[PDB]
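We give structure tokens for two forms of one protein chain below, kept apart as structure 1 and structure 2.
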Structure 1
């Protein structure tokens, strides 16, 4: 077989460094070889060279080759999947609206590169923040691609939730089931425990039937929400290994399918006629599985109580608002020209 071509943007950063090695080690594509397209900006090219040197010094049997570059054509040409890690960080004094705005241009341009140069079968995982909206913008501006080509990463938050709940309950993570992260990232994200069950001593119960209401519907989202800050506080830098783990997990499931009973939160273009009353037009985190053909499906059968309904409606509203900001910013720049 021919090697799979894999793009990583912002390749010289923390996440790119780990992600490239992990993929080159064979963890993503199994026995198949990989060819890495490694994209960054000119200031970062020395760091990027250092990365390629270490890749080389691993003598990876799965690594068919690589290109390290600042050129979009070289980075996107004939790729099979992409980890869009790079984004424009928040500048001092900026609010979220400005973050959405600055990134809208990057992701418009990236959608255009994808459509022009990537394989029609390309699987694009959006990681750089604001990821749901960056994904929507990239998709909207990729004329030869389709919704099925795009998703955004919410698995980091799901993994955080699983560990938090399992620890609280005093069980292993494998003994907790059906925790879901819905909607947008950021403040409106819905960390849903209302479906969740756990097994302890051969006894299976619902999480919300055992834990205090205060914990579930207050303390829990608080700990999840301040987790990244807490890591930065102690580390001096933001997370790197844990988003990488989640990214590989998402893509591997997307490529080859999920396991029986497995439910992974994934940001996807909202399907028309989804069973949870979400309006098409944005990228929204749903409970998902993936079939052996690599197609993502929203998992049916979960229940929406009044609390969840309100939270879903709020994060839906939030996502359409972000989209509006992004499209308006692009329209204003266009008008100015």
Structure 2
């Protein structure tokens, strides 16, 4: 009954994402109808995808449609995973995709506004996803900022596992790790809020791990992680962001758990308590109520170190916006 869209479905992420969702991991007992969008030169792998979906005999898959037509893909969808993208060339960073992906998400915003449900929940994955989310949201007349978000939970999950290994505890035993701002080079892996509990006793991460590790070694490691996977894999990540994206969407759809804080790129809400200026999509510490509305988690402290990092990634986001939107105007 639930209609889920996946753009760039024929790609590496779309391949796994479609199967995992069809398995019933997103909507549980409720069936899913997959809208699979891609482009004609990828029509082969797109068909290859559907055939394998068919070959799973998923009882949670009510049906699907694989197309290159926007309308067929976006019509009356309940949520969307925007994974569409051109190839990231060797040696490039996420921001280098602005020139080739900006138009895609400009059009996507229009498609969403034109055909998707007003309650559509759009999760942007394709890089630069914070920016691409800004593009789509801007060019969606009939939709609001609350309909859009970008994926930063891969960064948080990276941070969670890393910190967990150094503290000698499980991931579930750590709390309030946050990745602020852009899912890019300037991402801010923040541990100044973080705590962990072991055998009844709670400790602050900064009081247990040395300064040099927390603010340099760790900070660098999380930012560079995506390229470390690329070095060993020969391609950027795929299975891990798929997991983060399903985790992200599921929380967005049905709400978060007690004490759960998720790094979610959202259009900067006016009156946010962390001094970030509106105009971009910014990763905040977020929760989601049982009616599916994201809320920035209040109460976290911003010392001089974090303030500077937030300013840097904020400046970075507004810069990407300048370059991206200017490219569209001339385009």
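Residue numbers count along the first chain shown, from 1. Think of the rigid core as the biggest set of C-alphas that the two forms share within 1.5 Å after superposition.
Residue shifts between structure 1 and structure 2, rigid core superposed: of 112, 80, 164, 98, the only C-alpha displaced by 2 Å or more belongs to 98. When two forms of a protein are overlaid on their rigid core, residues whose CA moves 2 Å or more are considered shifted, and residue 202 is one of them between structure 1 and structure 2.
Relative to the superposed core, residue 277 has its Cα moved 0.5 Å between structure 1 and structure 2. Comparing between structure 1 and structure 2 on a rigid core frame, one finds that residue 221 has its C-alpha moved by 2.0 Å.
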